[PDB]
Amino acid sequence: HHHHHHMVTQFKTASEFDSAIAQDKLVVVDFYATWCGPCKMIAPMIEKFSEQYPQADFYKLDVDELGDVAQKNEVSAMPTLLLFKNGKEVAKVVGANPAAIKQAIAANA
Ligand SMILES: [Zn+2]
Ligand SMILES: [Zn+2]
Ligand SMILES: [Zn+2]
């Protein structure tokens, strides 16, 4: 019954980031870079999760484009999946293990 899609939306600016995470719902943010190997390896999992948890909003952020947002959120390892609810970080999953990311989403959705 794949009658519609959910997307992993790319943040354009810091202000869109700030507003998006303010919501009263799980917001999942994949911090990546085009140079990042493990990020590409986990991209497929994150896309699938976005359509597995339609009650959460999924986004991605290119640290080459919004390195400032990355700096404010203390993202260093890559990929980093940051999860927020009501303006507050609720998980910070570091690295490329799909199992941990899945546990974190399931915990917070
Ligand atoms: Zn149907
Ligand atoms: Zn789809
Ligand atoms: Zn749906």
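About the criteria used
- Residues numbered from 1 in each chain as written, not as in the entry; some residues may be left out.
- Chains lettered and ligands numbered in written order.
- Heavy atoms only, no water.
- Buried < 20%, exposed > 50% of the residue type's maximum accessible area, 1.4 Å probe, protein only.
- Helix = DSSP H or I, 4+ residues; strand = E, 2+ residues; numbered from the N terminus.
- Pairing = 2+ DSSP bridges.
- Polar contact = N/O pair within 3.5 Å; in protein donor to acceptor, adjacent residues only side chain to side chain.
- Contact = heavy atoms within 4.5 Å.
- Disulfide = S-S within 2.5 Å.
- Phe/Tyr/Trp six-rings, centres within 6.5 Å; stacked < 30°, edge-to-face > 60°.
- UniProt positions renumbered as here; feature names shortened; annotations may be inferred.
- Core = buried A, V, L, I, M, F, W, Y, C linked by side-chain atoms within 4.5 Å.

Buried residues dominate strand β3 (residues 57-62), accounting for 5 of its 6 residues. Where strand β1 (residues 9-10) lies against β3, 2 bridges are found, and the strand directions are parallel. Bridge pairing links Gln10 to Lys60 in β3. Alignment of strand β2 (residues 27-32) against β3, held across 6 bridges, turns out to be parallel.

Attention now moves to the side chain of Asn73. Counting through the fold element by element, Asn73 comes out in the loop between α3 (67-72) and β4 (80-85). A polar contact is formed between the side chain of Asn73 and the backbone oxygen of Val69, at a distance of 2.8 Å. Not counting the four nearest positions on each side in its chain, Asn73 is found in contact with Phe17, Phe31, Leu82, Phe84 and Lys92.

For the rest of this paragraph, the subject is the state of the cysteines. All chains considered together, the criterion is met by 1 disulfide. Residue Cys36 pairs covalently with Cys39 via a disulfide, S to S 2.1 Å. As the torsion about the S-S bond is roughly 70 degrees, the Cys36-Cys39 disulfide counts as right-handed. Overall, the relative accessible area of 3% leaves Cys36 in the buried class. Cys39 sits in the buried class, given a relative accessible area of 4%.

Working definition: an aromatic ring pair is given by the centre-to-centre distance plus the angle between the planes. All told, the structure shown has 4 aromatic pairs when counted by the stated rule. For the ring pair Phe11 and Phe17, a centre distance of 5.5 Å and an interplane angle of 75 degrees mean the geometry is edge-to-face. When its relative accessible area of 2% is taken as the criterion, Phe11 is described as buried. Here the aromatic rings of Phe17 and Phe31 are separated by 6.4 Å at their centres, their planes lie at 75 degrees, and the arrangement is edge-to-face.

Per the UniProt entry, the sites bearing "active site" are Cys36 and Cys39 in this numbering. Within the element layout of this structure, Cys36 appears in the loop between β2 and α2 (37-52). Not counting residues up to four positions away in its chain, the partners in contact with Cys36 are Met78 and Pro79. Those residues within four positions of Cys39 in sequence are excluded, and the remaining contacts are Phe31, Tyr32, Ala33, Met78 and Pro79.

Counting 21 residues, the largest nonpolar core has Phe11, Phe17, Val29, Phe31, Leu61, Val63 and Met78 as the members making the most contacts within it. Of all the elements, β2 adds the most residues to this core, at 4 residues. The next biggest cluster of nonpolar side chains, apart from the first, holds 16 residues, and it includes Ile42, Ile46, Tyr53 and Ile101.

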